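This document opens with one chain alone, in structure tokens, the form deposited in one PDB entry.
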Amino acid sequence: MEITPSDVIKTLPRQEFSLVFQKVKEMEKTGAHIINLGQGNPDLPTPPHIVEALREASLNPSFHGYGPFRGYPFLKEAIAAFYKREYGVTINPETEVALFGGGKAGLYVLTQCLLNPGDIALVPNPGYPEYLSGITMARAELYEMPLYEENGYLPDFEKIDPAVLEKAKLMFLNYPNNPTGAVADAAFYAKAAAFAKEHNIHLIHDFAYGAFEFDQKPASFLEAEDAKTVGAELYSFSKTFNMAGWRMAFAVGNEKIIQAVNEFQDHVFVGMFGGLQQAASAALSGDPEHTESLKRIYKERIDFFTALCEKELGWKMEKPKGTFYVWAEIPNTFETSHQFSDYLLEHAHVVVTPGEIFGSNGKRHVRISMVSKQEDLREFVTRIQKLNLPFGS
């Protein structure tokens, strides 16, 4: 008779960017050729040694049937070996690792495990909009931590109203940062961990861009003293290895957090395809020069693109410290980012991400991703040049 979705469905936050993606289709069907610098989809293929590890693994009939609920020990061991090689961090593979079907699933599981209806989650502004999903589906309340350029886009924890710290049960942090490009160090992480320890806040660090800091090796949150006491770090295969489509991620950290994850997941999953696990293990154990090479590709695109914007458009952009995103100020003749991104879409047929989809503190920037080939980057600039916008002002 009448189909009735649950309240969790009715209250789901609107995916605001998806409306742009739809306008794109309606334009590309009218004849528009769109250059899309709005999304974080790696353009380059998964390295062939990873692909071949999947292809070989899939022939093993041991992976055809049900596997361990919590994943294969060989992958958890690869994860521990990886964290030691890359970050100098000691991880117990048997107690401190959990697997996820991508970071997005990990964020949902982690919030369901750590947030009660009515609890407060501390979330950065600007910040990855998907943080909102898990929090809303947990029926919890959001409290913003503003990231200002003056503070290097790191939150000031003493600015947080002490009135919320009792209800505050979870905090998100993300460095190297989407969308700002900013980076954090061991000292910041130590401070964060000290703060969470004092006010009993579970700390989830989103390390999706942990391979991509240009001036130095990125620090893991888990390098900080007391990080393992208060939190966990979410690591994705998506960006590091051009494995976005493969849907793999893991959490490393506090064994009590990991236990709660494992309990939840025992009710919903039976691990994941061992062919995928073996590919993940070949990714982690593989030559890190592949990832360094990938980092140099992004850095070249960043250098090429920002130099070209400045010369051709008079659009000066700060070079990011990490990630493949450029966080660019909009012309002061536009009031908001949605208005500027809409103007560029309509008049130049290009896509940038309006900064306000990351929160109110993004309203005067756009996010521009460097996951496109050189000539697409060039054609973006060529098209915008015709608009004659006052980027110089």
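Take the two forms, find the largest set of C-alpha atoms that superpose within 1.5 Å, and that set is the rigid core. Sequential numbering from 1, following the sequence displayed.
The same protein has a further form, the form deposited in another entry, not shown here; the description that follows concerns it.
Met370 C-alpha moves between the shown form and the other one by 2 Å or more, core aligned: No, the C-alpha moves less than 2 Å.
Once the core is superposed between the shown form and the other one, does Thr333 show a C-alpha displacement of at least 2 Å? Where the cores coincide, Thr333 still shows a C-alpha shift between the shown form and the other one that is 2 Å or more.
Core-aligned C-alpha movement of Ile384 between the shown form and the other one, 2 Å or more: It does not, since the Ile384 C-alpha is displaced less than 2 Å between the shown form and the other one after the core fit.
Cα-Cα trend for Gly245 and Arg14, given that in the other entry the distance shifts by 3 Å or more: It is closer: the C-alpha separation of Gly245 and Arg14 falls by at least 3 Å in the other entry.
Hey, the CA atoms of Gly359 and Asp7 end up closer or farther in the other entry than in the shown form, with the change being 3 Å or more? They are closer; the C-alpha distance drops by 3 Å or more in the other entry.
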